[PDB]
Structure formats: C-alpha cells, structure tokens
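*Asks:* Mind looking over this structure? Questions follow.
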Amino acid sequence: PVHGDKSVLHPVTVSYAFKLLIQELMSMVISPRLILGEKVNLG
Amino acid sequence: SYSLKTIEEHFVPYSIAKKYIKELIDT
Amino acid sequence: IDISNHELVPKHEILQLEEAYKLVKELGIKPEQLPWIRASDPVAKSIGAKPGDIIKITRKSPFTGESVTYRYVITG
Amino acid sequence: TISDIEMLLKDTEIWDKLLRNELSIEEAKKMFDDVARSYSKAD
Amino acid sequence: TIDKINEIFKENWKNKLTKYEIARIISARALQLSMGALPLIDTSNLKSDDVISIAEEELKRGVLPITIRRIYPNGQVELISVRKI
Amino acid sequence: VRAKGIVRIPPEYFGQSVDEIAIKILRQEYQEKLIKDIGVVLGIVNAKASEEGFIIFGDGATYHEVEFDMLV
Amino acid sequence: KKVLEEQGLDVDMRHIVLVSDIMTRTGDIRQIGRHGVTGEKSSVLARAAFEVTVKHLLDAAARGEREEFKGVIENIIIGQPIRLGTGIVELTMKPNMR
Ligand SMILES: [Zn+2]
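Chains as they are written, first to last, in the authors' numbering: chain B, 1079 to 1121; chain F, 2 to 28; chain H, 9 to 84; chain Q, 39 to 81; chain K, 2 to 86; chain E, 5 to 76; chain C, 296 to 393.
Encoded structure:
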C-alpha cells in the first residue's frame, strides 16, 4: 500500500483477529510495523 | 525457508560457460 | 537495634567478587537478571552491603534444610 | 536521586566490562569500592 | 557447580528423555509418516493402523534417526540420540 | 559463485541420498530466472548438504543447509 | 500457608514459595496485578490484553516501544507457537541413513 510495486512482500500466517487489531490500531494514529523473521531457526 | 547468501562469489567464465552448460546437459 | 536475630530473617552474607564472577559465568546471566535487593534494606545495611554486589542468602526450607539464593544489590 | 541512577549505570558498566574479561577481579573490586566511596560521600 | 542439586539435575537428565521431547518426537514422526515418509519398523503384524501408534512404536524401538539438541542457558549444547543401537 | 541456503527435503524423499535430493530441489526451484538480485541466470552445477537437518513446528519435512554452484 | 491450612485443604509449599519469590523479585513487595509484576511484562500486547485498555497501546506508540514477542500471551494472540514444554525442545533429523 505504501511502497507500491518496488518492495518485496512476504506471506505470514496469523489469526485474522490479529490483522483486525492491526487495522483498528491503524485507524487510530498508532502505526504498528510488523517485523518479519526467518521461519527456520537459521543458526 | 529459502535464505540465499552469496560468499566468495566468482565471475562467470564466458569461455568455460559452454563447458559448464555441457556438463549440466550431461547431468 | 539489631534485626538480624529475628526468626523471619534468613542468613545474609556478602560474597567476594571471584565467587560472584563464577556464579554469573555458570548461570550464564547478566548480574542484573538476578532477583535484586535494595541497598537501603535493613538486612543489607546491617552487613554493610554495597550496590553492585551479590548477596548470598541461606533460608531454612523443609525440602533441603538450607537453601542458597543470590540477590543483587541495587541503588535505592 | 540522580546519584543512584548514575551509580547503577557505572556498576552495570563495570560488570559488563568484567564479563568481557577486560581486567581481572581485583581491579574491578577496587573500581566498585572507589565508586561506592565516591558517590556515597555525596549522599 | 551452581549447587549440588543443580549438578544432580544435570547428570540425571543427560541419559533420560523428558515427556515434552517424547511428545515432540512422536508428533514430528507422525507428521512425517502422514505426508508419505516410509516407516522403518515392519508395517505388518501391527494391531493399529494409526500413524500416531506407528510413530510411538518406532520411538519405543528406537529405529527412527532423531537427535535432540538441548541448549543450556550458559551456551552449552547437548546432543542426545534416539538410535539406541 | 558460492551460495549457502536452506533446502526443504519433503518427507516422501526420505531414505534416498541427501545430495541428489538437495540438488533436485535446488534445480526445481532455481532452474531459471534465479532470484531478483545477483543475476537472472539459469545455470547450476552441484551441491553438498549436511546430513543433520532441522524440524520445525507444523512441518514434517527436513531443512538442510547446503552450499551450491550457480552460474551468475 | 496458614490461610490454605485453616480451610483444611492441602497445597504444596513449593507453589507458595514460587509465588512469594515472584512477589518480591524487585526488592519490594510488588502487587501481582496491573500495578506490579503484571504491569511490567516487558511486552505491550500482553499488557493490553490482561486488562482491556487502550492507554497502554497509545503510550507504547508515543514512546516508540517495540514488542520483542519473547513471552507466551502475545505469541498465542498472533498464532506463533509458545516456548513452553514442547516448544523448548527442537529436533534434528538425518533421513539419509533411515
Ligand atoms: Zn512497503
């Protein structure tokens, strides 16, 4: 929505209630920025 | 699941690219 | 007045820096991650505990008899 | 009260320095005693 | 050398396997068998066709190759094998 | 170019040699177009994967670290 | 222990010891509830979920605080597995020699 097409997007499986909470906080002036991380343990 | 990290990268040999693709076709 | 003789008060001791170093290395923790006791507490003031030190406290417990716990001395 | 917070800062910095084995136990003990004497004199 | 009880705990759990690790091994093996992994034990002569039961019997026998790496809080890592050759 | 990455060996490819399965998976995923950066080449030569592989919650497949040859 | 004893029912002393230890972890007797150990979880989502309030979320947004997600309550909220019990154990398998 912000970056247009230039950025890469990763899929994350979450509860839809959490997405609703994120969007309701975004309807406020709160700006939650979800930080992604490797699904594997990496190491 | 797919984390790519390139280390000590070497240039692609144009002369040996034919040999590499022939080896790949053999495999 | 002296309060260390009270039955509720366990045995408080101030351990040397080498023992604290060995303890924090074996536990694998930063010193502040231990449960901490204020330097103004009367039990710590009685033994003259200073901030940054680690206090070894032996409590009477029915399972092992004497239990050794470590507290961290903080500032106020 | 700033003295207490600054003493806590100095003590945690000395402890982190000790955990990195910058200097031996005895010098760190001198540093602890020196900072305690210096900033308990003010109080 | 944190305390005597800590040493007893550490030497006790070296050669044994906790129920959480057993449950994790069984669940992982059952998930593997469901997707199509070939069982190591003999398929026949088993009263239960359930994948969970097959994984449990494999764990009891010890055929499945799984190594549990437990990370101690001080950085030490211990590898425990289930092969039991 | 030397690249090390994690390869997902599915449960059905269990019992076969790890190297061939890993190179098959890498070839299937990286046969062409490579990735966005460091070239778009289709070349790949071989790989060697460690025997031990992680198992993650909700997945029965095994994740191995493998170093491989590309033709960037 | 006395309160549990007068009712005549039995509760192990280890649980009481753990509760008393977690009450006095910070050097003073700290309330178990929203002003105390529950008040400082080092997390925002768990704090906002314990008692239904918006003030904590707005305070975290203003301070720019970030949630590390190292706990249990907020991991369930989003969906990632917790690190208790089966979470603590991680497995390694070599399928070649099967
Ligand atoms: Zn963006």
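From the three backbone atoms N, C-alpha and C, an ideal C-beta is built for every residue, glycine too.
Starting from the N-terminal end, write out each residue whose C-beta falls within a distance shorter than 5 Å of any non-hydrogen atom of ligand 1.
*Replies:* Residues with a Cβ closer than 5 Å to any heavy atom of ligand 1, in chain order: B:1080, B:1081 and B:1085.
*Asks:* Can you list, in chain order, the residues of the stretch 27 to 39 of chain H whose Cβ is nearer than 9 Å to any Cβ on chain K?
*Replies:* Cβ contacts with chain K come from 30, 31, 33, 34, 35, 36 and 37.
*Asks:* If you measure from the beta carbon of residue 386 of chain C to each beta carbon in chain E, is any gap under 9 Å?
*Replies:* Against the seventh sequence, residue 386 of chain C aligns to sequence position 91. By this cut-off, residue 386 of chain C is an interface position.
*Asks:* From the DSSP secondary-structure annotation, give me the bridge partner or partners of residue 72 of chain H.
*Replies:* Translated into positions along the third sequence, residue 72 of chain H becomes position 64. None; residue 72 of chain H has no bridge partner.
*Asks:* Straight-line CA distance for residue 32 of chain E to residue 56 of chain K?
*Replies:* For this step, residue 32 of chain E is matched to residue 28 along the sixth sequence. For this step, residue 56 of chain K is matched to residue 55 along the fifth sequence. Taking the straight line from one Cα to the other gives about 31 Å.
*Asks:* So, at 8 Å on beta carbons, what are the nonlocal neighbours of residue 68 of chain K in its own chain, with the 5 sequence-adjacent residues on each side left out?
*Replies:* If you number the fifth sequence from 1, residue 68 of chain K lands on position 67. 80, 81, 82 and 83, listed in sequence order.
*Asks:* By the 10 Å Cβ neighbour count, where 16 or more other Cβ atoms means buried, how is residue 15 of chain F classified, buried or exposed?
*Replies:* As a first step, residue 15 of chain F is located in the second sequence; it is residue number 14 there, counting from the start. With fewer than 16 other Cβ atoms within 10 Å, it is exposed.
*Asks:* Verify the CB distance criterion: does residue 19 of chain K have a CB-CB separation below 9 Å to chain C?
*Replies:* In the fifth sequence, residue 19 of chain K corresponds to position 18, counting from 1. Residue 19 of chain K counts as touching chain C.
*Asks:* Bridge partners for residue 44 of chain H per DSSP, in chain order?
*Replies:* In the third sequence, residue 44 of chain H corresponds to position 36, counting from 1. Residue 44 of chain H pairs with H:80.
*Asks:* Give the interface partners of residue 82 of chain H over in chain Q, defined as CB-CB distance under 9 Å, in chain order.
*Replies:* For the purposes of this step, residue 82 of chain H is taken as the residue at position 74 of the third sequence. Here the neighbours are 42, 46 and 49.
*Asks:* In terms of residues, what are the limits of the alpha helix (DSSP H) holding residue 72 of chain Q?
*Replies:* In the fourth sequence, counting from the first residue as 1, residue 72 of chain Q sits at position 34. Counting along the chain, the alpha helix (DSSP H) containing residue 72 of chain Q begins and ends at 63 to 79.
*Asks:* Let me check understanding here. Comparing Cα to Cα, which of C:337, C:342, C:360 and C:322 lies closest to residue 1109 of chain B?
*Replies:* Within the first sequence, numbered from 1, the residue matching residue 1109 of chain B stands at position 31. Looking at the Cα atoms, C:360 is the closest of the given residues.
*Asks:* Below 9 Å on C-beta distance, what does residue 24 of chain E contact in chain K?
*Replies:* Mapped onto the sixth sequence, residue 24 of chain E falls at position 20. Neighbours of residue 24 of chain E on chain K: none; closest Cβ ~17 Å, over 9 Å.
*Asks:* Does the stretch 54 to 61 of chain H come close enough to the stretch 14 to 22 of chain H to have 3 or more Cβ pairs within less than 8 Å?
*Replies:* Yes, the stretch 54 to 61 of chain H is in contact with the stretch 14 to 22 of chain H.
*Asks:* With a threshold of 8 Å (Cβ to nearest heavy atom), would residue 53 of chain Q be considered close to ligand 2?
*Replies:* Judged by which ligands are present, ligand 2 is missing from the structure shown, whose ligands are ligand 1.
*Asks:* Here's the rule I'm using: 16 or more other beta-carbon atoms within 10 Å means buried, otherwise exposed. How should residue 59 of chain K be labelled?
*Replies:* The sequence position of residue 59 of chain K within the fifth sequence is 58, counting from 1. Counting Cβ neighbours within 10 Å, residue 59 of chain K comes out buried, since at least 16 surround it.
*Asks:* For residue 10 of chain E, which residues in chain C fall below 9 Å Cβ to Cβ?
*Replies:* Translated into the one-based positions of the sixth sequence, residue 10 of chain E becomes position 6. Under the 9 Å cutoff, chain C gives no residues; its nearest Cβ is about 13 Å from residue 10 of chain E.
*Asks:* Are there 16 or more other CB atoms within 10 angstroms of the CB of residue 73 of chain K, so buried, or fewer, so exposed?
*Replies:* Along the fifth sequence, read from residue 1 onward, the residue named residue 73 of chain K stands at position 72. Exposed: under 16 other Cβ atoms inside 10 Å.
*Asks:* With three or more C-beta pairs closer than 8 Å as the rule, is the stretch 12 to 21 of chain E touching the stretch 63 to 76 of chain E?
*Replies:* Short answer: they touch.
*Asks:* Could one say the Cβ of residue 66 of chain H lies closer than 9 Å to chain K's Cβ atoms, at least one of them?
*Replies:* Translated into positions along the third sequence, residue 66 of chain H becomes position 58. Not an interface residue.
*Asks:* Enumerate in chain order the residues of its own chain whose CB-to-CB distance from residue 41 of chain E is below 7 Å, with the five nearest sequence positions on each side excluded.
*Replies:* To locate residue 41 of chain E, count along the sixth sequence from 1; it is residue 37. Nothing listed; no residue qualifies.
*Asks:* Could you pull the start and end residues of the beta strand (DSSP E) that residue 6 of chain E belongs to?
*Replies:* Taking the sixth sequence and counting its residues from 1, one reaches residue 6 of chain E at position 2. Run containing residue 6 of chain E: 6 to 13, per the beta strand (DSSP E) assignment.
*Asks:* Given 8 Å as the limit, is there contact between the stretch 376 to 392 of chain C and the stretch 52 to 63 of chain E, that is, 3 or more CB pairs closer than that?
*Replies:* The stretch 376 to 392 of chain C vs the stretch 52 to 63 of chain E: in contact.
*Asks:* Could you give the distance in angstroms between the alpha-carbon of residue 63 of chain K and the alpha-carbon of residue 322 of chain C?
*Replies:* What you label residue 63 of chain K is simply residue 62 of the fifth sequence in a count that begins at 1. What you label residue 322 of chain C is simply residue 27 of the seventh sequence in a count that begins at 1. So the two alpha carbons sit approximately 49 Å from each other.
*Asks:* Check the Cβ-Cβ distances between residue 9 of chain K and every residue of chain H, and say whether any is below 9 Å.
*Replies:* Position 8 of the fifth sequence holds residue 9 of chain K. It does not; no Cβ of chain H falls within 9 Å.
*Asks:* Classify residue 1112 of chain B: buried if its beta carbon has 16 or more other beta carbons within 10 angstroms, exposed otherwise.
*Replies:* As a first step, residue 1112 of chain B must be located in the first sequence, where it is residue number 34. Looking at its Cβ environment, which holds fewer than 16 other Cβ atoms inside 10 Å, residue 1112 of chain B is exposed.
*Asks:* Which residues of the stretch 343 to 376 of chain C have a Cβ closer than 7 Å to any Cβ of chain B? Give them in chain order.
*Replies:* For the stretch 343 to 376 of chain C, which is checked against every Cβ of chain B, the residues closer than 7 Å are 352, 353, 356, 372, 373 and 374.
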